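Sharing a structure below in structure tokens format, with a few things to ask.
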Amino acid sequence: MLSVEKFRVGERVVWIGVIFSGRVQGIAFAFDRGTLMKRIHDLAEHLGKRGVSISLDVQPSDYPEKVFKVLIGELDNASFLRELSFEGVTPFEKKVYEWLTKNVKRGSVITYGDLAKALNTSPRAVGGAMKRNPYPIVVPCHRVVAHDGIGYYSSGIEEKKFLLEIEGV
């Protein structure tokens, strides 16, 4: 199932889409509904290639609002972990996502290199996992930056900057 909702943050508008079936399967966000739908489709295609069964029929749910509460800091990232299904996520990816969520706090950042060192892995493996994160916002991959710049983000540089700004970075 899919739930889509628009939220206002001052003069900006943020659209949040949540794919779910029992527990959360995927999350996407954007500043306009058309972009949101393209990201939802890209995410469904990726999860479907990993064997996850997805239905995009639109249904009401409180998931979008819960995700918005994490975004604005009303709910901490780690408290949302129990809502995630981890369907289509490899054991390695899950390990990275959980460490990041429990240890990289709101208001702070970490470089790809430092995250890799903390998990005994390579910066390229961590980069691959961040690109594939099906749970943006809640699994805070926007807090992972380059040592000399903002770094990449699968959902847009402006989106990454917006999230960092909101968190006080």
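So basically every Cβ, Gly included, is an ideal-geometry build from the backbone, and we count neighbours across all protein chains shown. Every number in this text was worked out from the coordinates using simple rules, so none of it is lab data.
Give me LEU47, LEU115 sorted ascending by neighbouring Cβ count inside 10 Å, so fewest comes first.
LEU47, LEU115
What pairs in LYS38/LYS105; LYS66/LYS117; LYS38/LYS66 have C-alpha atoms more than 27 Å from each other?
Checking Cα-Cα distances, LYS38/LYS105; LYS66/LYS117 exceed 27 Å.
Under the Karplus relation 6.51 cos²θ - 1.76 cosθ + 1.60, θ = phi - 60°, what is the ordered set of whole-Hz ³J(HN,Hα) values for the stretch 107-122, x standing for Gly and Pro?
Taking θ as phi minus 60°, the curve returns x, 10, 9, 8, 7, 4, x, 5, 5, 4, 4, 5, 10, 6, 10, 9 Hz for the stretch 107-122.
So how far, in whole Å, is the C-alpha centre of the stretch 21-84 from the one of the stretch 122-149?
Result: 17 Å between the Cα centres.
Going by how many other Cβ atoms sit within 10 Å of their own, how do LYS160, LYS131 line up, fewest first?
In increasing order of surrounding Cβ atoms, one gets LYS131, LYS160.
Determine the sum of side-chain charges near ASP62: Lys and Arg each +1, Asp and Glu each -1, restricted to other residues whose C-beta is under 14 angstrom from that of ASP62.
Here the charged neighbours net out to -1.
Please compute the net charge surrounding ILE19, taking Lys and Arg as +1 and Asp and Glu as -1 over other residues with Cβ under 12 Å from its Cβ.
Net charge around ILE19: -2.
Using alpha-carbon pairs under 8 Å, 6+ residues apart, how would you state the relative contact order of the stretch 14-115 in percent?
Taking the mean separation of contacting Cα pairs over the length of the stretch 14-115, I get 24 percent.
Is it possible to state the helix-based mean residue ellipticity at 222 nm for the chain, with each DSSP H run of 4+ residues giving -39500 (n - 2.57), the sum divided by total residues, to the nearest 500 deg cm²/dmol? What is it?
It comes out at -11500 deg cm²/dmol, rounded to the nearest 500.
Which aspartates and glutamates, if any, have their Cα less than 14 Å from the Cα of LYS102, not counting same-chain residues under 8 positions apart?
Straight-distance partners of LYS102: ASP76.
Could you compute the net charge surrounding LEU164? Neighbours are other residues with a C-beta less than 15 Å from the C-beta of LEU164; K and R count +1, D and E count -1.
Summing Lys/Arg as +1 and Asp/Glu as -1 gives +2.
So, one more: For the stretch 1-88, give the magnitude of the charge dipole about the Cα centre (Cβ charges: +1 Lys/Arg, -1 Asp/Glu; no others), in debye to the nearest 20.
140 debye
Indicate the gyration tensor shape class of the chain (rounded, prolate or oblate), computed on the Cα atoms with a ≥ b ≥ c the square roots of the eigenvalues: a/c under 1.5 is rounded; otherwise a/b larger than b/c is prolate and the rest oblate.
The shape class here is oblate.
In percent, how large is the relative contact order of the stretch 89-169, given Cα pairs closer than 8 Å and 6 or more residues apart?
34 percent
Taking the simple approach of a point 7 Å from Cα along Cα-to-Cβ for both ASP32 and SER122, what is their distance in nm?
Using points 7 Å along Cα→Cβ, the separation is 3.9 nm.
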